[PDB]
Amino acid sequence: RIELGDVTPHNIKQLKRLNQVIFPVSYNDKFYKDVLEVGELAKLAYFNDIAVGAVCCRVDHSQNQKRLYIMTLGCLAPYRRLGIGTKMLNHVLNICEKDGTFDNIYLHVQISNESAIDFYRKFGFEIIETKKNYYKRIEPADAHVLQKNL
């Protein structure tokens, strides 16, 4: 019942709508312009042909490493615990497995996001750091950095 699809100018508004509802932090027009330029690093998740989730990633060059950073990976609350998040994460893991040049995958979550910690830790991710005041106008502002070594 869950299918992933490409992010295009035809459905980019549906992606902005999902991110607005799922994530307390707002993203600028440049974030969404860049999402159309990353290819397989951005997908929509459909539950019975309804768009209910999305994943947006970018390549990062930090720590003298080639890393895949997950900017947003989310699902609408009533559709949670159905495997949508797993479908999106396995897609990113598969891309990295086939690419073979990424050293690690990493992301940021609020320290209060127990469901996100639980989800990522099931895939081999570890909390490698806790960054104080990472988020600016929301509480908690502190964020864990979750990373999976490849």
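So that there is no doubt, residue numbering starts at 1 and follows the sequence shown.
Of the two stretches examined, 50 to 58 and 92 to 100, the record assigns the greater average C-alpha temperature factor to 92 to 100. Mean C-alpha B-factor is higher over 135 to 143 than over the other stretch, the pair under comparison being 135 to 143 and 5 to 13. Of the candidates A45, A116, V38, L68, it is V38 whose Cα B-factor is highest according to the PDB record. Per the deposited record, the Cα B-factor of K122 falls in the middle third when ranked against the other modelled residues of its chain. The PDB entry assigns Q110 a C-alpha temperature factor belonging to the middle third of its chain's modelled residues. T86: CA B factor lies in the lowest third for its chain, per the PDB record.
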